[PDB]
Every structure is written in C-alpha cells, then in structure tokens.
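K.L.:
Sharing a structure here in structure tokens format.
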Amino acid sequence: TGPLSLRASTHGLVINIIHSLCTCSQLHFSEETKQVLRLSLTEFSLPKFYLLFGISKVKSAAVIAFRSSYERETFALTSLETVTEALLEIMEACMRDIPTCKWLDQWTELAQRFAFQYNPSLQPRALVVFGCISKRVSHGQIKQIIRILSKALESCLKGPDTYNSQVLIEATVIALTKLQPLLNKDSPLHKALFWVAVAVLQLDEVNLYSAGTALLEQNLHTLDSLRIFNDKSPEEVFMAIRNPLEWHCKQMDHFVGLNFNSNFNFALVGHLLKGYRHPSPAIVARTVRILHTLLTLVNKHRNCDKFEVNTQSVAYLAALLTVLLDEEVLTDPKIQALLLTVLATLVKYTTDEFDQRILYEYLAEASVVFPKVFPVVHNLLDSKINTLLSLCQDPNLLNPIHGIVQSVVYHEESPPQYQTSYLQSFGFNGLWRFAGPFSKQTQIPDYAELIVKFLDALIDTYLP
Amino acid sequence: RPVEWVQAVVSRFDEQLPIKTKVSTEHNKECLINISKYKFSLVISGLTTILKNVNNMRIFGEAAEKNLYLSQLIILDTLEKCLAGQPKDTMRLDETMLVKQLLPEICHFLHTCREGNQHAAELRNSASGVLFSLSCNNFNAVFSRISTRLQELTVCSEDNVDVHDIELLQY
C-alpha cells in the first residue's frame, strides 16, 4: 500500500526483522532454528517475493528505500496468503524452542478483533490473516463469516460501486477455505459449504471463480479424508443436505437453467465447464483435478474402475476427453442428448486445432449412433461449422465436418422426433450460456437475492 | 438449418470457377456427390444455375477462354458423376421443368455445331455423356422436344434447327 518508497521500506523492514531475529544472543535459539531462519532470509531475498511485495523492476530495495535522499499495480489476496504463510512458518520455527511464548495467541486476538468488525480498508486483509493463522474455529465464528458474506452480497446488490464488496466476498471464501479443515467432523457444515462454493461459481467473477474452485478442491479433499464417500455417492449426501432448503435452490436452478434435481453430475459439469475459459492456467489445472477426483469417487462408488463408461460417469469422461460412445450403455435419450450438448458447447467456444479436431471426430460418430436426437445440438454448431465449411482449407478438419453434414442430410426424414427446445422440457437449459467466456462487465447477476436467502436458510437450519 | 449448410457447400465449390487449395475443393466435390446421392434435386438446380451463369457470363482474354474451358470441363464432369451416382434406388422421376431448365445450354453450346472443337471436343464428349446419363432417366421430355421441333419444320426451307435439334437424337 502506498508509493514505491513505502513498499520498499516495508520490504527492508521484513528483512531487518528476520536479520535481527537470527543475529542476537538474547533469544539463544537452537541451531536448526537458525538454519531455517537463514533459509527464510534467502527466500525473502528472491525476486518472487519482490513481486509478492509489489516491488517490481527494482534491483535493490535498499537503494530506493533512501532514493529521495540520493499505486498502479493492483493487489491480490493470494500474495498476502503466501506472505502470511511464510511469516507464520518463521514465527512457528522460533516459538518451538521458546517455552510459553504466547505470541500466537496475541496474533490471533489481533486478527480476530479486526476481522469481525466493519472496516472496508482493513477487514478483507484481516479475514485472510485470521484464516491463515488460526488453529481453532467454532460454529459461531464461521456463521459470522457467512453473515458477513450475505451482507456483502446485499451491499454489492444495492450499491453501484461493487469492487470493494467483491474483494470482501473473495476474502470471505478463502477464509472459509483455510478454516474448514480445523472444524470438527460432526458439523454438517463440512458438506453444506460445498453448495456455498457452487453459489460463488454462479457469480461469474474471475477472482470469485478461482476462490470457489479452491474452496471446492479443499472441500473434496477434506471430505474424502473424513471418509463420508466410502458408502455413498457424491449425489446422495449433497442432495441429502440440500433436501430442506431446496425451494430457494429451485428458483436458483430455474434462473441458472441447470437442475441438480434431475441430473446431479451433468449439473456439476456444467458449472465446472467454465474453468477452461479462465485466463490463468492454474485454475484450469485445478478444474481438471476437480473432475478427476469426482470421477474416481463416482466410479469407486459403483465398484468399477477408472475410465469406465457408464450412465453417471459419462459427463466427466466427456469433459476430460478434451484433455467409447456406446448406445447400449446410454439408452435413455435425455442422457445422450446432454452428452451431445456438452460436446457442442466445447466445439462452439474453444478455438484450438487439436481439441476441435478430436471433438469433431467424436461428434461425427455420435451423428451415426444417435441421429434422432442429433437435431437438438444443431444450432449450437450451426454457425461455426458453416464458417469452417467456408474457410477451412485443412482436409483433416473438414473431413469429419463433411461426415456430419452427410449424416444429417441422410437423416432429415424425421425432424419432429426432437427439437432444439427439448432441453427446456426438463430443467437443463443455458448449459451453453453458462459455459460461455467470462464477461468484460463481470457484473453480479440478480437472483443474487435468491443466493442471499439461500445462505440465510443455511444459517437458520444448521447454526441453531 | 442444414439447407444453409448444403448451399454453403455448393457455393464453396463455386468460388473456384470465377477464378478458373486443390485438395480442399476435391474433398468438397466428393462431398457434393455424397449429398447428391441422398437429395439431388436442389443440387442439380444449383448446378444448372451456376453453369448457366458461367456460360452466360461474357469475358475476354486468352486466359479467359482457357478459364471458361477448364471451368466448364469441371462442371460437366462433376455433374456427370452426380447424375451417375443418383439412382441408389429406382428413383427415375425428376421434375420435367428441372430437366427443361438443364436442357437448353447442354443442347446448344456443344450441339448447335461443333463449337470450339480444338478445346471442346472432349467437352462435346462430356456433354454427350451427361445427356446419355440423363436420357437413361427422363428422356421423355427430350423425346417430346424432338417431336415438337419436327412439327416446327412446317413450311419454310430456311431452317437450320436440324443441326441444333435433330442431331441431339444421336446422343
């Protein structure tokens, strides 16, 4: 925060703090502790921590700390997470040999008082610090975090200035991410937070998307570690916890167009499909890991192996296929129609050669296998195919395109079997809308009030 | 709608003909034949339209008649392949006016006389081939044409329509 001089002064302050921490005879530390502090000093000397501290392009912080003698860059809370974890490591290493230092209690209290009271300039940072540092959590604290999330949502709705509330929402999510593993396993919230995560995914904001993916990842890992998936599918337990407060979620599902009631796994894949359109590749890799662990859980619930094509696991295979199609396996028309819509979305939005080639070669075969339900995904590929069919001079791409064209022209005898509006017969619609690229406006979509009511109902059912 | 796709296919074949990328237009041509296997009516109508426009178009320059010769050869052979591959079943019936729309350019621009024989002898061969492959299906319109022109031979001896019409009985 501030100009170059104050940021460089902060860096010099951190370096001098560690330097005086190791080179003093008052503390009489152990040797291994001095080794890890010496390592920490070297790692803070790295240019990576310059970019974490906001100082870029400057070779020596000490030179420009005094440069008058002789704000453009934005700040991201993940850098604060890394810095606070490094400082926590240093502080833990030094407090190990010191008997009853009580330093951590003081720092947790200093975090708690700033985190839970209203101050827009400091509360986002205090929430992250309290998340990273604390070693215990209670129901009241985390429910306070949920209430703060709800209030920030309301303020973002009514207010024209939205960036300040968005930062608080992101900080709230990552604080939940850090605080979930410390929570006792008997709390139902361990499951309930999952829905909170996908709620953030409905808010179509880039940083919010990243924070929601991180929450989902740690939730899946921790909840797998507590072995609730040993006898039950990801479907069953989440609809069991979503069973009471489903009405608000019913309006939410109507607006987003994806019903978790009818098809759970195809609902989750529709949300996670936006990860491939995220600008940063780390979130893309995280989404791939999310798909993998869910695929493993779903398959081991049915005692099959990984990569086993069946009814429930076909959506994850379709999503991971970018990074066989058996009619006897998939007999129901709805499931195969949704399987087609996934491929149509991925060919509409992605514009790289290998993926569009492999998906076109997969899609030509499904035209032969499923010709009656194939008109449903016509419009989703109506323009793009045509454009390629106009200016694709590469044979390898246009050959499956020609195959699709011939397959449809042969099977044009019976249009009214299914239409492009058949997806609106049941809930699933806008699965092509929700997989679109991230909007430049990045404005929160109203029905966010429904999200507020949903979180309130979560608090009302599970807290008291 | 897929009709837009097939019309884009035929135009994507088409743009090479004002010019006259080879492998792409070859795959496009075989795709044209595969589509004309199932529904050939609109394909044939579009091919008649394109060929009538191209032959009706007046251009000049030595490379221009070379271009016309090459283009008309391409159109004729592609039409011949699509006409030959059409009867996947016993479907002989075509609309009489659609044949009649195809009829005049084929019947005249190679068979008013030997036209451009130093270049278009093989074009005359290809026109005879498409005419045979057409008359194996729907010769009755041409037969009625033959009867009507013979009836048209009424009185005056200053008629040159025989080289234009009766000679068509040859092919």
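In the structure tokens, chains take the letters A, B, ... in the order shown, each chain's residues start at 1, and ligands count up from 1 in the order shown.
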Taking only C-alpha atoms into account, report as a list in words which residues of chain B lie within 8 Å of chain A.
P.N.:
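Selected residues: residues 1, 2, 5, 6, 8, 9, 12, 21, 23, 24, 27, 31, 34, 35, 38 and 39 of chain B.
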K.L.:
Please dump the current selection as a CSV table (one decimal), in the first residue's frame; keep N, CA and C atoms.
P.N.:
chain,number,residue,atom,x,y,z
B,1,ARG,N,-30.4,-24.1,-40.4
B,1,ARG,CA,-30.9,-25.3,-41.0
B,1,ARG,C,-29.9,-25.9,-41.9
B,2,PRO,N,-29.9,-27.2,-42.0
B,2,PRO,CA,-28.9,-27.9,-42.9
B,2,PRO,C,-28.9,-27.5,-44.3
B,5,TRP,N,-26.3,-25.2,-44.8
B,5,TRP,CA,-25.1,-25.9,-44.9
B,5,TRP,C,-24.8,-26.4,-46.3
B,6,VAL,N,-25.8,-27.0,-46.9
B,6,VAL,CA,-25.6,-27.6,-48.2
B,6,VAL,C,-25.4,-26.5,-49.3
B,8,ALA,N,-24.1,-23.6,-48.6
B,8,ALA,CA,-22.7,-23.1,-48.4
B,8,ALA,C,-21.7,-24.1,-49.0
B,9,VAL,N,-22.0,-25.4,-49.0
B,9,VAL,CA,-21.2,-26.4,-49.7
B,9,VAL,C,-21.1,-26.1,-51.2
B,12,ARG,N,-19.2,-23.0,-51.9
B,12,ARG,CA,-17.8,-23.3,-51.6
B,12,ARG,C,-17.1,-24.1,-52.7
B,21,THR,N,-4.9,-25.2,-52.8
B,21,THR,CA,-6.3,-25.2,-52.5
B,21,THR,C,-7.1,-26.2,-53.3
B,23,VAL,N,-6.8,-29.7,-52.9
B,23,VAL,CA,-7.3,-30.9,-52.2
B,23,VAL,C,-8.5,-30.5,-51.4
B,24,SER,N,-8.7,-29.3,-51.0
B,24,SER,CA,-9.9,-28.9,-50.3
B,24,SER,C,-11.1,-28.9,-51.2
B,27,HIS,N,-12.1,-32.5,-51.9
B,27,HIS,CA,-13.0,-33.1,-50.8
B,27,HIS,C,-14.3,-32.5,-50.9
B,31,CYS,N,-17.8,-34.5,-51.4
B,31,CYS,CA,-18.9,-34.3,-50.5
B,31,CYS,C,-20.2,-33.9,-51.3
B,34,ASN,N,-21.7,-37.0,-52.5
B,34,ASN,CA,-22.3,-37.8,-51.4
B,34,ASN,C,-23.7,-37.1,-51.0
B,35,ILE,N,-23.8,-35.8,-51.0
B,35,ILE,CA,-25.0,-35.2,-50.7
B,35,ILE,C,-26.0,-35.4,-51.9
B,38,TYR,N,-28.3,-38.5,-51.8
B,38,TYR,CA,-29.5,-38.5,-51.0
B,38,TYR,C,-30.6,-37.6,-51.5
B,39,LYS,N,-30.3,-36.3,-51.6
B,39,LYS,CA,-31.2,-35.4,-52.3
B,39,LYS,C,-30.4,-34.6,-53.4
K.L.:
May I have the residues within 12 Å of range 41-53 of chain B as a ChimeraX atom specification, using only C-alpha atoms and disregarding those fewer than 4 positions away in the same chain?
P.N.:
/B:3-4,6-11,13-18,29,31-37,57-59,68,71-83,86,91-106,108-109,134
K.L.:
Taking 3 positions as the minimum chain separation for residues in the same chain, which residues sit within 8 Å of range 303-320 of chain A when counting only C-alpha atoms? Answer as a PyMOL selection string.
P.N.:
chain A and resi 265-266+269+273+288+291-292+295-296+298-300+323-324+329-330+335+339+342-343
K.L.:
So what do you get for CA of residue 38 in chain A versus CA of residue 80 in chain A, distance-wise?
P.N.:
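Answer for the CA of residue 38 in chain A to CA of residue 80 in chain A separation: 21.7 Å.
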K.L.:
Got a sec: who's within 9 Å of residue 162 in chain B, counting only C-alpha atoms, leaving out chain neighbours fewer than 5 positions off, as a list in words?
P.N.:
residues 112, 149, 150, 153, 167 and 168 of chain B
K.L.:
Using only C-alpha atoms, which residues sit within 10 Å of range 185-192 of chain A once same-chain residues fewer than 2 positions away are excluded, as a list in words?
P.N.:
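Listing them by chain and then by number gives residues 138, 139, 142, 143, 180, 181, 182, 183, 194, 195, 196, 197, 219, 220, 222, 223, 226, 228, 237, 238, 240, 241, 242, 455, 458, 459, 462 and 463 of chain A.
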K.L.:
Write a file of the just-selected residues containing N, CA and C atoms, as an mmCIF file, in the first residue's frame.
P.N.:
data_model
loop_
_atom_site.group_PDB
_atom_site.id
_atom_site.type_symbol
_atom_site.label_atom_id
_atom_site.label_comp_id
_atom_site.auth_asym_id
_atom_site.auth_seq_id
_atom_site.Cartn_x
_atom_site.Cartn_y
_atom_site.Cartn_z
ATOM 1 N N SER A 138 -14.873 -22.207 15.710
ATOM 2 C CA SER A 138 -16.147 -22.611 16.281
ATOM 3 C C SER A 138 -17.274 -22.288 15.311
ATOM 4 N N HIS A 139 -18.465 -22.785 15.650
ATOM 5 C CA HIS A 139 -19.629 -22.599 14.792
ATOM 6 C C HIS A 139 -20.006 -21.130 14.682
ATOM 7 N N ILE A 142 -17.652 -19.140 12.163
ATOM 8 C CA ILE A 142 -17.855 -19.416 10.747
ATOM 9 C C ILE A 142 -19.239 -18.948 10.303
ATOM 10 N N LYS A 143 -20.227 -19.008 11.197
ATOM 11 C CA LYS A 143 -21.538 -18.469 10.849
ATOM 12 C C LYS A 143 -21.506 -16.950 10.773
ATOM 13 N N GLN A 180 -11.980 -24.487 7.063
ATOM 14 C CA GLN A 180 -12.751 -25.732 7.068
ATOM 15 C C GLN A 180 -12.032 -26.938 7.682
ATOM 16 N N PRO A 181 -10.754 -27.247 7.380
ATOM 17 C CA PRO A 181 -10.159 -28.464 7.969
ATOM 18 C C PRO A 181 -10.077 -28.467 9.485
ATOM 19 N N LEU A 182 -10.006 -27.298 10.118
ATOM 20 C CA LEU A 182 -9.897 -27.266 11.572
ATOM 21 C C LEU A 182 -11.226 -27.593 12.233
ATOM 22 N N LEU A 183 -12.320 -27.477 11.485
ATOM 23 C CA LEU A 183 -13.645 -27.711 12.039
ATOM 24 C C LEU A 183 -13.830 -29.183 12.383
ATOM 25 N N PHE A 194 -20.036 -26.932 0.488
ATOM 26 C CA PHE A 194 -19.972 -27.320 -0.916
ATOM 27 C C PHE A 194 -20.946 -26.505 -1.751
ATOM 28 N N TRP A 195 -22.201 -26.411 -1.298
ATOM 29 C CA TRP A 195 -23.186 -25.630 -2.037
ATOM 30 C C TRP A 195 -22.788 -24.167 -2.085
ATOM 31 N N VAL A 196 -22.213 -23.666 -0.986
ATOM 32 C CA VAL A 196 -21.731 -22.291 -0.949
ATOM 33 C C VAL A 196 -20.732 -22.068 -2.067
ATOM 34 N N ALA A 197 -19.852 -23.054 -2.279
ATOM 35 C CA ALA A 197 -18.848 -22.955 -3.327
ATOM 36 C C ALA A 197 -19.489 -22.788 -4.693
ATOM 37 N N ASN A 219 -12.486 -28.783 -0.067
ATOM 38 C CA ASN A 219 -13.657 -29.452 0.485
ATOM 39 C C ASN A 219 -13.708 -30.902 0.048
ATOM 40 N N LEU A 220 -13.431 -31.157 -1.230
ATOM 41 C CA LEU A 220 -13.431 -32.528 -1.720
ATOM 42 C C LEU A 220 -12.329 -33.343 -1.059
ATOM 43 N N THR A 222 -10.764 -32.788 1.913
ATOM 44 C CA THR A 222 -11.027 -32.986 3.332
ATOM 45 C C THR A 222 -12.194 -33.933 3.556
ATOM 46 N N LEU A 223 -13.243 -33.807 2.748
ATOM 47 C CA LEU A 223 -14.424 -34.628 2.948
ATOM 48 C C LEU A 223 -14.163 -36.063 2.518
ATOM 49 N N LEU A 226 -12.335 -37.505 5.482
ATOM 50 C CA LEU A 226 -13.217 -37.938 6.558
ATOM 51 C C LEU A 226 -14.093 -39.115 6.165
ATOM 52 N N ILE A 228 -16.617 -39.885 4.146
ATOM 53 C CA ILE A 228 -18.068 -39.934 4.017
ATOM 54 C C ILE A 228 -18.449 -40.537 2.674
ATOM 55 N N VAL A 237 -25.300 -37.575 -0.698
ATOM 56 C CA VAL A 237 -25.099 -36.796 0.520
ATOM 57 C C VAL A 237 -25.383 -35.316 0.270
ATOM 58 N N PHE A 238 -25.054 -34.823 -0.924
ATOM 59 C CA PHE A 238 -25.290 -33.416 -1.210
ATOM 60 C C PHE A 238 -26.768 -33.127 -1.433
ATOM 61 N N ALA A 240 -28.978 -34.880 0.070
ATOM 62 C CA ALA A 240 -29.496 -35.064 1.421
ATOM 63 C C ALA A 240 -29.376 -33.784 2.237
ATOM 64 N N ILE A 241 -28.272 -33.051 2.072
ATOM 65 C CA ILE A 241 -28.118 -31.809 2.827
ATOM 66 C C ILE A 241 -28.861 -30.661 2.143
ATOM 67 N N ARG A 242 -29.080 -30.756 0.833
ATOM 68 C CA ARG A 242 -29.861 -29.754 0.123
ATOM 69 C C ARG A 242 -31.353 -30.039 0.166
ATOM 70 N N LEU A 455 -28.366 -18.590 1.630
ATOM 71 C CA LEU A 455 -27.377 -18.590 2.701
ATOM 72 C C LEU A 455 -28.038 -18.353 4.051
ATOM 73 N N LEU A 458 -29.518 -21.560 5.106
ATOM 74 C CA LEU A 458 -28.428 -22.399 5.604
ATOM 75 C C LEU A 458 -28.128 -22.095 7.063
ATOM 76 N N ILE A 459 -27.992 -20.806 7.382
ATOM 77 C CA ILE A 459 -27.711 -20.390 8.754
ATOM 78 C C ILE A 459 -28.850 -20.804 9.676
ATOM 79 N N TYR A 462 -28.856 -24.803 10.137
ATOM 80 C CA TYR A 462 -27.742 -25.565 10.694
ATOM 81 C C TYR A 462 -27.095 -24.933 11.921
ATOM 82 N N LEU A 463 -27.112 -23.607 12.049
ATOM 83 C CA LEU A 463 -26.481 -22.997 13.220
ATOM 84 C C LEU A 463 -27.255 -23.238 14.511
#
K.L.:
Which of range 38-74 of chain B counts as helix (DSSP H, G or I) under DSSP, as a JSON list (two decimals) with C-alpha atoms, in the first residue's frame please?
P.N.:
[["chain", "number", "residue", "atom", "x", "y", "z"],
["B", 38, "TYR", "CA", -29.50, -38.51, -50.97],
["B", 41, "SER", "CA", -32.88, -32.01, -56.73],
["B", 42, "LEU", "CA", -31.61, -28.79, -55.16],
["B", 43, "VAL", "CA", -28.02, -29.75, -56.00],
["B", 44, "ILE", "CA", -28.95, -30.16, -59.67],
["B", 45, "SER", "CA", -30.94, -26.92, -59.67],
["B", 46, "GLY", "CA", -27.99, -25.04, -58.18],
["B", 47, "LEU", "CA", -25.60, -26.62, -60.66],
["B", 48, "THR", "CA", -27.86, -25.58, -63.54],
["B", 49, "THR", "CA", -27.96, -22.06, -62.13],
["B", 50, "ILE", "CA", -24.18, -21.86, -61.73],
["B", 51, "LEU", "CA", -23.44, -23.34, -65.15],
["B", 52, "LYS", "CA", -25.99, -21.08, -66.86],
["B", 53, "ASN", "CA", -24.48, -18.06, -65.13],
["B", 54, "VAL", "CA", -20.92, -19.06, -66.04],
["B", 55, "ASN", "CA", -21.62, -19.76, -69.70],
["B", 56, "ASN", "CA", -23.87, -16.70, -69.91],
["B", 62, "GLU", "CA", -6.85, -15.81, -73.91],
["B", 63, "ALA", "CA", -6.61, -16.89, -70.28],
["B", 64, "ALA", "CA", -10.33, -16.11, -70.05],
["B", 65, "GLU", "CA", -11.37, -18.73, -72.62],
["B", 66, "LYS", "CA", -8.82, -21.09, -71.06],
["B", 67, "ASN", "CA", -10.59, -20.42, -67.75],
["B", 68, "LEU", "CA", -14.01, -20.99, -69.33],
["B", 69, "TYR", "CA", -12.84, -24.26, -70.88],
["B", 70, "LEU", "CA", -11.34, -25.56, -67.63],
["B", 71, "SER", "CA", -14.33, -24.45, -65.54],
["B", 72, "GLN", "CA", -16.93, -25.87, -67.93],
["B", 73, "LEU", "CA", -15.00, -29.15, -68.03],
["B", 74, "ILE", "CA", -15.03, -29.29, -64.22]]
K.L.:
Work out how far CA of residue 262 in chain A is from CA of residue 249 in chain A, in Å to one decimal.
P.N.:
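Between CA of residue 249 in chain A and CA of residue 262 in chain A the gap is 13.3 Å.
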